[PDB]
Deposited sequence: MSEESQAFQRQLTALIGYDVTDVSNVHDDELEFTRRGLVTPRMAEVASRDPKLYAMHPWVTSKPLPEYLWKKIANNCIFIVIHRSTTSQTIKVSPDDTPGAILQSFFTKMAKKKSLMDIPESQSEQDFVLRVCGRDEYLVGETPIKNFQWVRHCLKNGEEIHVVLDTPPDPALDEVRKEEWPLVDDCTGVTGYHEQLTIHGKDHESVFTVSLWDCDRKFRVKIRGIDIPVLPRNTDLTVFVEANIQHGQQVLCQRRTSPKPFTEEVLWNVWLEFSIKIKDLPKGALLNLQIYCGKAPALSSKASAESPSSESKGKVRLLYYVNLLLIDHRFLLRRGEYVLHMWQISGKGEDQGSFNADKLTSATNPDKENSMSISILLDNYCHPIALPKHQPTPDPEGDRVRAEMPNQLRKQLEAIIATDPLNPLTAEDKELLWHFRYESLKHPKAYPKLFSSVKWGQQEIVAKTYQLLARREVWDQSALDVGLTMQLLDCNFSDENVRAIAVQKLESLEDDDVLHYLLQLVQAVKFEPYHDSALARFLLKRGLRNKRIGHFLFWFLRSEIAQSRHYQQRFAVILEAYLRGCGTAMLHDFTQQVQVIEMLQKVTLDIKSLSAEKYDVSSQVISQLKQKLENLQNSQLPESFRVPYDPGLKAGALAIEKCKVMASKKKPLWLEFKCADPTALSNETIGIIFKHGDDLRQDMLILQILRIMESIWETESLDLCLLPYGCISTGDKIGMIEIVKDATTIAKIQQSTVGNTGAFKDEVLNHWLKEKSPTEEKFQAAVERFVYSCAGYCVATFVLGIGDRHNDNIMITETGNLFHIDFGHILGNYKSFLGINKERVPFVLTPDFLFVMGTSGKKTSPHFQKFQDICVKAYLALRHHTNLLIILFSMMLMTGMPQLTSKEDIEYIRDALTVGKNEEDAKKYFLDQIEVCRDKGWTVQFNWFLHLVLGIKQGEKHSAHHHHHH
């Protein structure tokens, strides 16, 4: 169209944070070609969308209600409190009761159906043909022993979710290196050209060294061994510059999105370094044409023996990080069809394919066509993710992984959403099955869409390597989510943008001269700019309204984070506490997202085995670059603020925590409950942090609720080693003093092992989330050793006895250290 269309595209660009129509930094039309290609998948999903359920986005699981939540249901009954204007009942319900059956048990008890059950204060709906025990909110209240308060009102209008309608010979490969050109510059340099496929180097030619000047020309043809015929789809031409150190890199797809051999002149602006990270794989070029180093090039082109079957089974049995010897690869490949029967063998098997051989690749495709076994295998996420990491560039291979993800219920997609989004950094092409899966699942569920938005926007705002790709995916999604969401997103984006300017102008300018500037700026923004209401990005069901200027402060700390507090915009809120949101800058919150999300994954893992370690993965979302927001946990203090209250330099007292708990819990019952919550949470976080290798933390980065719930914060990181924090003040709450035993220190040791072995049951899953996390989220170019940590931490190989020993050993290391490490953080300061 015109003024309205162009304004709609302007609408999107503002939401995205990047102009998808911009073509300044491309050398082909892949991005555009991807924008067009994504239209069909979008429209199909939109055209299959059930309006009523999409508008009400019920949050549901199929998983059996955990044992520890069953025990919290006495007479096979669950009480619900319905509200009408000023009305309240309390219908006893069966855990197997459908919502519709309950309203039926309501209007009989005391347009008829024109009503629906909405959670009080929240934008959450308990609807659809689902046992009332299988709603997430209902499982939430149960865990927190809360009353399920539900207001009865009218179903939301599906009209609000309306959508605004719209080569190749037998010649060997060769590349011409013209030269390099950097405006501004140990004094020698050479260009290395790698043919890469799935992180593997198929062939590698180098140039002669030359003096390192602002303009170095070679004008040389690099001849490779591999013929043009044997180039696999997805092969990257990896161009790098060494001085013996790696300075710059850039990649070019040898085969494009149209299956055309890429030929012609290219001047590629490179990224500079400052070895396994995902950024090294990007096909995008550096946008900063002014300063970036440039590169110029020209393209112009029976039965299986018993002992061997046991060899194979052994190989297949090893963990992902276990390297395959050439001997192992030949065995796996030669016995393709026997390996095919073992879904767990796939990752290794396809790591055994010579991708530089067209004939081998074809045989491989003939293997995948023998779908049966794979297709009928039970969904194994851990295994599936392995096929979607950096070791796999082949479309067909990666596609069968995605195919397996299709059978994930929404609840499960949420658990892995952040990782799957990140996993797009490993796709050779912009338009991939993985991208479409995310897009498809985002448009089908509002809650998944919401988090898809922020996960994508998070990367677009701070990752120049992938922002272009993520923007095209984000736009596609935005064009199908409906108007209601486009409007809500618009508010959230504005709020965070206004709260940005504020948190920025404060760090520069804790005095009351700032307490004055703060309250003055908030009042100004509130009176005029800040929207009436907006959704909490890390808790979308919750609507935050007006500001409580009186409550808003500015935390004292290295960085100057804003501590805000909003009034809920929902009148039917069965409470009147404010929403506390922290707005921080100066730290990349993405790493924290990844950690918190692996934390939630750990909880579910523990749920599949009827365990609850009371972790507390608070809300945390990167909203722009270097900034973001963090949920404020009510009734919570830092472990340090409780100690440094006897407040001194160093000097920790063993029973200040206990005093604090007792002081904060009114009854010996509520206190004893807090002491139990502490035992669990403490165990949960000791295991969780040991496994992830982030256990050695210090006081002020560990918090506790007044209900005795422990939880770590700020996985910045922020500034003798200890496996994890288990200080004498923790132990004292458990009754033990260095060193003996108590009913609760025995419970602790028990839980830890139960939880630890539980995690080890899913070794492969964690291993692969760990390695991915590091490759897509962590600063450093991670080496093989960093990742090899999870192997060791999970005692790979060893039995459940040697393992239990290993961990209880760790527990003792901490006990022997006491306050040593904590005291050191001061001493060193």
* **Deposited sequence positions missing from the model - stretches, numbered from 1, in order** => 111 to 123, 180 to 212, 232 to 235, 294 to 315, 347 to 353, 381 to 402, 611 to 616, 753, 828 to 838, 949 to 966
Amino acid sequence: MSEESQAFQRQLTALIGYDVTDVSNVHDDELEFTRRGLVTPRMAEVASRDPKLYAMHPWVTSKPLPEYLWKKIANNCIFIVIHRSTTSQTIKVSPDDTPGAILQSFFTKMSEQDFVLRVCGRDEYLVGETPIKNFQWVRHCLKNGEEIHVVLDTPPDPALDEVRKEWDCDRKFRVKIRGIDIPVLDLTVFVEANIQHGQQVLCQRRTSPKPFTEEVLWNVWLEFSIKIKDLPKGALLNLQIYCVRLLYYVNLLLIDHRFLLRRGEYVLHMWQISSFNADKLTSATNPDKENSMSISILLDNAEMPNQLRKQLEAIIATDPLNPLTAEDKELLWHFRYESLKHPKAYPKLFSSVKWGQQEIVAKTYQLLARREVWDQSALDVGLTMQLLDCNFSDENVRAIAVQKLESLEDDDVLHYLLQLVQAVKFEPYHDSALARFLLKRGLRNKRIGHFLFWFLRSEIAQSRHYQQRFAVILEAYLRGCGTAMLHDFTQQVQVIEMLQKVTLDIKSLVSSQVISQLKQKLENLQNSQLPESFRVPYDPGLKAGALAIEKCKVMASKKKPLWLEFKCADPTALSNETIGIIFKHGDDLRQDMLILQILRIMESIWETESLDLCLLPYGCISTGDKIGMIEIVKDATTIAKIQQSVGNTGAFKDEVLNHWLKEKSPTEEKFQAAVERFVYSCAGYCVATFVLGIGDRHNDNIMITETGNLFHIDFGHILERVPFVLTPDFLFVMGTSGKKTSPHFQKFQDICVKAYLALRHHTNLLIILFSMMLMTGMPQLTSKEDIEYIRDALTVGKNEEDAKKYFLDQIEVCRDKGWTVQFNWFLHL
From here on, numbers count along this sequence of modelled residues.
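For the two forms, the rigid core is made up of the largest set of C-alpha atoms that agree within 1.5 Å on superposition.
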* Following superposition on the rigid core, is the mean squared CA displacement, expressed as RMS, greater for 695 to 703 or for 208 to 216 in 4 other deposited structures of this protein? -> 208 to 216
* Comparing 583 to 591 with 535 to 543, which has C-alphas lying farther from the shown form in 4 other deposited structures of this protein once the core is aligned? -> 583 to 591
* Is it true that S275 has no coordinates in a third or more of the other entries in the comparison? -> yes
* **Other entries omitting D168, at least a third** => yes
* Asked: Do the C-alpha atoms of 81 to 89 or of 191 to 199 have the higher average B factor in the entry?
  -> 81 to 89
* Which of the two stretches, 92 to 100 or 468 to 476, shows the higher mean Cα temperature factor in the record? -> 92 to 100
* Structure fact -> Based on the PDB entry, the highest CA temperature factor among the options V633, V151, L312, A278 is that of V151
* Of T763, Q780, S48, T40, which one's C-alpha B factor is largest in the deposited record? -> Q780
* To do: Report the third (lowest, middle or highest) to which the CA temperature factor of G695 belongs, ranking only the modelled residues of the same chain.
  => middle
* CA B-factor ranking of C814, expressed as a third of its chain -> highest
* Structure fact -> Chain-relative C-alpha B factor for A74 (record values, thirds): the highest
* To do: Using the B-factor values recorded in the entry, state whether the Cα atom of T820 falls in the lowest, middle or highest third among the modelled residues of its chain.
  => middle
* **Third of the chain's Cα B-factor distribution that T61 belongs to, per the entry** => middle
